[PDB]
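Asker: Handing you a structure now.
All Cβ positions, even for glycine, are placed from backbone atoms using ideal geometry, and neighbour counts span all protein chains on display. What follows draws every value from the coordinates through simple rules; no lab data is involved.
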Amino acid sequence: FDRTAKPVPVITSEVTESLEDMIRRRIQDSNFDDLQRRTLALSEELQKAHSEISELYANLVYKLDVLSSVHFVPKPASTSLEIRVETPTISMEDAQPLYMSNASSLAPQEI
Amino acid sequence: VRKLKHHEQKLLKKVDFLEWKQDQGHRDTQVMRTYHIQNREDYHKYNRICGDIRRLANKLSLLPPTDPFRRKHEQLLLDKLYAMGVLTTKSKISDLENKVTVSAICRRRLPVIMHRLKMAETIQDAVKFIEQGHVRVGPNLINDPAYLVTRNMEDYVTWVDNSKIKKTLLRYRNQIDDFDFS
Amino acid sequence: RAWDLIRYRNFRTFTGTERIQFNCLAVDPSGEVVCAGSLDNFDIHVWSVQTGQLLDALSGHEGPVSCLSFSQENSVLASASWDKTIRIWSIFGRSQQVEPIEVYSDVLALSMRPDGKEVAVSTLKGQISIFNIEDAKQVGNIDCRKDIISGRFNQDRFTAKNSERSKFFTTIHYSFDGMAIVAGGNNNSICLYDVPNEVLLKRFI
Amino acid sequence: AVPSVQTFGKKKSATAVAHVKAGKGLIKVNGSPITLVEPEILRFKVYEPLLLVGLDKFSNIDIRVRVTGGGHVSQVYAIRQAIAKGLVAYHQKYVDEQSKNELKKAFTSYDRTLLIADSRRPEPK
Amino acid sequence: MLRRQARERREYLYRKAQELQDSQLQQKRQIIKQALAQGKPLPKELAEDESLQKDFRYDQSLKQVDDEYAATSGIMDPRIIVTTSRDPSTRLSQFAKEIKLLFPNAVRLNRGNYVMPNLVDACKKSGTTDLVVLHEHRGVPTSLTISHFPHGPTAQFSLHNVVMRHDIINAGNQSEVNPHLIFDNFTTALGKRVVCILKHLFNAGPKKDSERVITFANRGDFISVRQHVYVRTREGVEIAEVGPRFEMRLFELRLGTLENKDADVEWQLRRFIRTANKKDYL
Amino acid sequence: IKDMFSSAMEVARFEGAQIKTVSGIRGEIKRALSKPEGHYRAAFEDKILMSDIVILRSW
């Protein structure tokens, strides 16, 4: 007659010796699958193109967020360096005849 | 004016009082009807923004293609213009000049969204329910018909609670509960 | 963002994973943990103060987190959803257990007594309820829909009596005595409810 | 017309549709008086919204309650829920407000399950 | 949440069905880029388009895991639930614990008088990556489904040759550390679906010298999975087996969760077909 | 399906066999039913009738 399905394969020791000798080949060569983690001027005319076009985009974001009733979807990434200057930190606050902080802005560890 | 004759015609080949090239096909009226927007200057208050999308699209097209600014910068923008929901898909970068239309931004209006979510029957009738004060976004009810609604914020429009129009809905399913005083 | 008041500077700028808005905030009294809540995500993000990583994304709300606040006594925190449920969290020390307390409508702007044993809520029906923490039950509730003055705007089409704009309270803060609540919303009026006697004291336009 | 108020009551899979209208003081469950509820031990589990607040406040009202679904017990938790909700939502509508906050503070101190459905939604650990 | 979780599915479909009509435009923009790079001739229907010509000036700046797993892929660890069918036999209630041990971040919640809606719907709420439910015949476990929760796919697996770990000996207890994986003999595009739907059940980025490795081997259309530990001798690697032996076979693949029962069927094992026994991954 | 095979052992010599019907639907015969001696469970591709006559081709 005629069948209709290759049945359940019988696990002989011959199958496993074909299988565990595969695993030794992929461990010892260390080529195996795994779910790797996801990490994380130029020209005088081109920079002036870049500087115009970011001044226009920040004008656009101010308009579009006002349409959207401020509910703003944040920017994905942001990496920046900044430079702080040691001042006696009455001089970082607004013009007013008092103060709350007397020491310098740079920490003693940071100097 | 008169359905002027054939010899009147050739001298007045160009005059027309209703339709001008300045007037630009009356596109501004033609989409004010389809979305039922209240004040006239509302169109060109969008069409200044919807033009300003394309002017930023154009100069960002004039940068060279393998520039990690330019590749970063419109995909930065299509994130926002899809979150706000003016454009259907995020894939094409040339939706940003071709699919950004006023009728795209004029259907994230609140009364259109109340007609999309099948709240009111028609689109004029949704303006009738907003102006009377039956609809709300989260805590506070909204009263300007022309409230833009973010695709994220599009989840949260409901009928305002204890209203006479959210009471009638619950009577149809025979599921009122006056401990809520619905 | 964290800030210093001795030096006027950020310590660290805590951020999420997928860049979410943050409405509200809760700080561990022993200043180790800063929790924040959204409208976009409805997951309570949790940052450590030292390491700017997020320790954990506390989740389990339907609808956004309105407010978040910590006990100053035993440092359990309690969230305030818009799925009409206060959910009180216990996040310190091998417990990680959760207790939801259902309320009637959307809650917003929670606040906790300095006892650390009661939680005062402001729902959207107007009514302010006062729950216990060690039990899930409530002590009592005080009714705030009537004694709220509401304005009719200029562009309105409804009477000021039957608009549902402003008859709830978008904030509450217990007094440090633990005996009085001051509430204030998008309305014209501020209130001073007494907590045991359950009656307002004076209403401020 | 006729002043009525409809409230629901829900335990495991049992609903309870309690119409409350101004009347003479009869209280029916499925076209049968409330003194004939089935489990006969839990009959005082449905006399709780009668006897907590005081039986005087039922002198002018009708309580027509009809229930489906549930079992023997989990219907008795539905008729005690919809009578408490149907009483405390008639005093905010057609009787005085200060009655309602007296009731809602009475059912609360006794058992809060009378008012809001204790939904035992799952938890994964 | 319930309305939000529904409407992101609707937009994910319209973002997917847009790509099928824009796959044709995706193909033609390869031709424009190459002919601009190297090669003069340019085909007829792409010649007469002025639409696609102006369209290309923006389109020149454009550029793999599955689309459901794409947002999380390496960033967030999965948290998974192994749960059992209904009133389980005490053999399979052991066997759900070997599935709870074979993955990391796996908790075992005994199921009884839960419905599949309120166990799904109370899991999207609490937030889990996916759901592992088992079935059995007379103690021998037979079936197994993995179903990614935020409207993600599901994969009903039939598993034939099982050897539970509690049968063997009191040899000890498993390593439970993050495993390396081994995927063998996955060539088909449907085979890559089963890769990317199984792989994300493990915590991302295993160490280079973690000691237990979980092989998923596909000889003869039966995905055969074994659990191994290894140490490396002076010459060869020497391994030994702990944990379950499976044969396994997927037989239907919905695009919804296992709740849904009317979602779109990506793949379905046809048994009753003239060429059923012929092909592989069919 | 009844009275095609005499014993429950006779079915076991024939399981996995591509059974077809008059109506034209296919299937396989899978397990020998025990408590009567002859019958067996068989999964078709669609709902077989009562009025229908299964035939297993053989040589």
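Asker: Any residue in segment C:39-58 that's closer than 16 Å to C:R1 by Cβ and away from chain B (no Cβ under 14 Å): show its pairings with residues that are among the small types (G, A, S) and buried (at least 16 other Cβ atoms within 10 Å of the Cβ) at Cβ separation under 6 Å, as long as the two are six or more apart or on different chains.
Answerer: Pairs that qualify, where the first residue is closer than 16 Å to C:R1 by Cβ and away from chain B (no Cβ under 14 Å) and the partner is among the small types (G, A, S) and buried (at least 16 other Cβ atoms within 10 Å of the Cβ), are C:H45/C:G16; C:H45/C:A36.
Asker: Within the bounds of segment A:26-33, is there any residue that is surrounded by 14 or more Cβ atoms within 10 Å (Cβ to Cβ) and among the polar types (S, T, N, Q)?
Answerer: No, because not a single residue in segment A:26-33 is surrounded by 14 or more Cβ atoms within 10 Å (Cβ to Cβ) and among the polar types (S, T, N, Q).
Asker: In segment D:45-85, which residues are in contact with a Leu (Cβ under 8 Å, 6 or more places away or on another chain) and either closer than 9 Å to D:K11 by Cβ or part of a helix (DSSP H, G or I) (or both)?
Answerer: Within segment D:45-85, D:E48, D:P49, D:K57, D:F58, D:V73, D:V76, D:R80, D:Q81, D:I83, D:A84, D:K85 meet the criteria.
Asker: Something else about it: Scan segment B:131-170 for residues that are hydroxyl-bearing (S, T, Y) and in contact with a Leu (Cβ under 7 Å, 6 or more places away or on another chain) and report the count.
Answerer: The qualifying residues number 1.
Asker: Only one residue in D:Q98, D:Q75, D:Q92 is under 12 Å from the mean Cα position of the chain (by Cα) and at negative phi. Which one?
Answerer: D:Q75
Asker: On the given criteria, is E:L198 touching a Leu at 6+ places or on another chain (Cβ under 6 Å) and closer than 30 Å to E:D87 by Cα? Even if it seems obvious, please write down each step before you answer.
Answerer: Details: touching a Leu at 6+ places or on another chain (Cβ under 6 Å): no; closer than 30 Å to E:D87 by Cα: yes.
No, not satisfied.
Asker: Something else about it: Restricting segment D:84-125 to residues that are more than 7 Å from every other protein chain (Cβ to nearest Cβ) and in contact with a strand residue (DSSP E or B) (Cβ under 6 Å, 6 or more places away or on another chain), which is farthest from C:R87 (Cα to Cα)?
Answerer: D:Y90
Asker: Okay, moving on. Residue under question is B:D125, and the condition is that it be acidic (D, E), more than 30 Å from D:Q81 (Cβ to Cβ) and assigned to a helix (DSSP H, G or I); does it hold?
Answerer: So B:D125 passes the test.
Asker: A further question follows. Having 1 or more residues that are under 25 Å from E:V120 (Cβ atoms) and more than 11 Å from every other protein chain (Cβ to nearest Cβ) is the bar; report the strands (runs of 3 or more DSSP E) wholly within segment E:142-226 that clear it.
Answerer: So the answer is E:154-158.
Asker: Can I ask one more? Among the residues of segment B:95-111, is there at least one that is crowded, with 16+ Cβ neighbours inside 10 Å and touching a strand residue (DSSP E or B) at 6+ places or on another chain (Cβ under 6 Å)?
Answerer: yes
Asker: A further question follows. Could you go through segment F:41-57 and let me know if any residue there is in contact with a helix residue (DSSP H, G or I) (Cβ under 8 Å, 6 or more places away or on another chain), in a loop (DSSP other than H, G, I, E, B) and surrounded by 12 or more Cβ atoms within 10 Å (Cβ to Cβ).
Answerer: Checked against the condition, which is being in contact with a helix residue (DSSP H, G or I) (Cβ under 8 Å, 6 or more places away or on another chain), in a loop (DSSP other than H, G, I, E, B) and surrounded by 12 or more Cβ atoms within 10 Å (Cβ to Cβ), segment F:41-57 yields no hits at all.
Asker: Something else: Any residue in segment D:1-21 that is buried (at least 18 other Cβ atoms within 10 Å of the Cβ), more than 17 Å from D:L87 (Cα to Cα) and among the basic types (K, R)?
Answerer: Within segment D:1-21, one or more residues are buried (at least 18 other Cβ atoms within 10 Å of the Cβ), more than 17 Å from D:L87 (Cα to Cα) and among the basic types (K, R).
Asker: Shifting gears a bit: Could you look through segment C:22-38, keep only residues that are in contact with a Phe, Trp or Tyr (Cβ under 7 Å, 6 or more places away or on another chain) and in a loop (DSSP other than H, G, I, E, B), and pick out the one that is nearest to the other protein chains (Cβ to nearest Cβ)?
Answerer: C:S38
Asker: Quickly run through segment C:17-34 and pick out the residues that are under 21 Å from the mean Cα position of the chain (by Cα) and under 18 Å from C:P64 (Cβ atoms).
Answerer: Passing the criteria: C:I20, C:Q21, C:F22, C:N23, C:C24, C:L25, C:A26.
Asker: Please find, within segment A:55-75, the residue that is farthest from B:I49 (Cα to Cα) out of those that are within 14 Å of chain C (Cβ to nearest Cβ) and loosely packed, with under 14 Cβ neighbours inside 10 Å.
Answerer: Only one residue fits best here, namely A:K75.
Asker: Being in contact with a strand residue (DSSP E or B) (Cβ under 8 Å, 6 or more places away or on another chain) and part of a helix (DSSP H, G or I) is the filter here, so list the residues in segment B:21-54 that pass it.
Answerer: B:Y35
Asker: Another question about this same structure. Go through the residues of segment C:163-186 one by one and say whether even a single one is among the small types (G, A, S), touching a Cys at 6+ places or on another chain (Cβ under 8 Å), surrounded by 20 or more Cβ atoms within 10 Å (Cβ to Cβ) and more than 12 Å from every other protein chain (Cβ to nearest Cβ).
Answerer: yes
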